[PDB]
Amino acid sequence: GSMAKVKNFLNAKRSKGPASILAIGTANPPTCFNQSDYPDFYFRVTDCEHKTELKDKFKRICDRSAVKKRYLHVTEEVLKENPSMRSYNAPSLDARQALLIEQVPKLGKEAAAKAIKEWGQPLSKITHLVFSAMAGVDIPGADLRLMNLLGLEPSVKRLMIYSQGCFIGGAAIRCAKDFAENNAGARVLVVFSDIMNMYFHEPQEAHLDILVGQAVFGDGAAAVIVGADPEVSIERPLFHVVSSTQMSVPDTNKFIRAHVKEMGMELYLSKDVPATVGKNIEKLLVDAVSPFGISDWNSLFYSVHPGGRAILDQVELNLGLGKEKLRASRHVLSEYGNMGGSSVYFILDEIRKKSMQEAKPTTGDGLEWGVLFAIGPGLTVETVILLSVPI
C-alpha cells in the first residue's frame, strides 16, 4: 500500500534526461614558479646545493617534464616560517595541516564562485556538495567550510572526500551524475581543491620518488556544476555525462602509495605507471564506448589526467591518436603542472574555451563524443564517456 506512495514519490523525483556539466571554474594560488628556475630555488631553499648529482638528476627531470610553470602555496615565506619542512623526516605534519585546513576550502571557494557566476543561478538551488581534496583531513572538513564561505543552504547534502587518489576526478563526476539523475532539480556543486604541500621534502638520495613528485605537482582547484534537465533560458550545458566506469588494475596496488605521516606525506611513484596505463587504456576505452558504436579513437575529444608527460605520451601511443589529440591536456600540464583530481576539469575548461575561440561547431573541438580519463593510485582509472554540446 505505502509502497505505492513510495513508487509514485520515486518516479516523480527522477530526471527526464542525463546529467550535464553546466559550468566549470578554476583557481590557483598567487605565486608562480617557472620550471626553468625551479631546481635552483628548490636545492637552495632546502640548503642542499652540495647535492650536485641529485640536483643534476632533478634538473633533468624538470627539463623532460613538459611543465613550464606551476602555482604553489609553498612559498619562501612559508618555508622560512616552517623550517621543519626543510629537514627530511622532521615533525612537520601539524604545520602542513595548519596551511591546508585554511587554504583548501579557500582555493575551492575561488574556483566554485567562478563556476557559480558562469552558471548564473542563485546559490540556493545548489542541493548537493561533493568536495574532494588531496590533503588536509579535518573534522568538520573543507566541505562545510565551503558552505559557510559561500553561504550555501544549511540543507545542502554535503560529501567530503579526502585523499581518495586522483581518479577521484572521474569518480566524483559519476556520483554527481547519479545524484543529479535520481533527484529532479538537484544541482550538484563538485569541488576539487588539491594542494600539494604534503609532498614537499628536502631532497634525499635515499628517497628519489619525491624528486619525481617535486618536478610535477602544482596547486589548483576546479568546480563543476552538475545538473539534469537544464532550464532552457539560463542554464547552458557544456558537456553531457553519458556513462562512467572504474577499473582497478590487478597487482598494481603499490605502484603509487602516499602515507600520511608525522613528516608529511611519504610518496612512492613507480616509474612503470605510464607503461601500465599504456597497456590498459585501449581495452578500457573499447569497453567504455561499447554501448555506443564508437571505434575511431581519433574521432573523440580527450581529457587525460596529466600525471606526467610520459602518461600523455603513453595514452597517445597506445590509442594511435594524432599528435594534436592531447593538446589540451599537454597545455594544462604545461601551464599548471599536475594538480591532482582537479586537473581534468582544467582540461575540460580549456577544450571548451579553444572551441569557442576557433569557432568550432561543438564544445568538444567540433567532435560530438569525448572521453575523460581520470587516473590515480590503485592503479585505478575512471573512464568517463562525455558528449559535447553544439555552439
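From 1 onward, residues are counted along the sequence shown.
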item: Stretch with the higher entry mean CA B-factor, where the candidates are 158-166 and 104-112; value: 104-112
item: Stretch with the greater mean C-alpha B-factor as recorded in the entry, comparing 285-293 against 302-310; value: 285-293
item: Candidate set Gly218, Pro91, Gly320, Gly141 [ranked by C-alpha B-factor, highest]; value: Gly320
item: Highest-ranked of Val137, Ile256, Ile210, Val191 once sorted by CA temperature factor in the record; value: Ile210
item: Lowest, middle or highest third - CA B-factor, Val249; value: middle
item: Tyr199 - Cα temperature factor, lowest/middle/highest third of chain; value: lowest
item: Ranked against its chain, the third holding the CA B-factor of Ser355; value: highest
item: Chain third (lowest, middle, highest) by recorded CA B-factor, residue given as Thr383; value: middle
item: Modelled-residue ranking by C-alpha temperature factor, third containing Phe179; value: middle
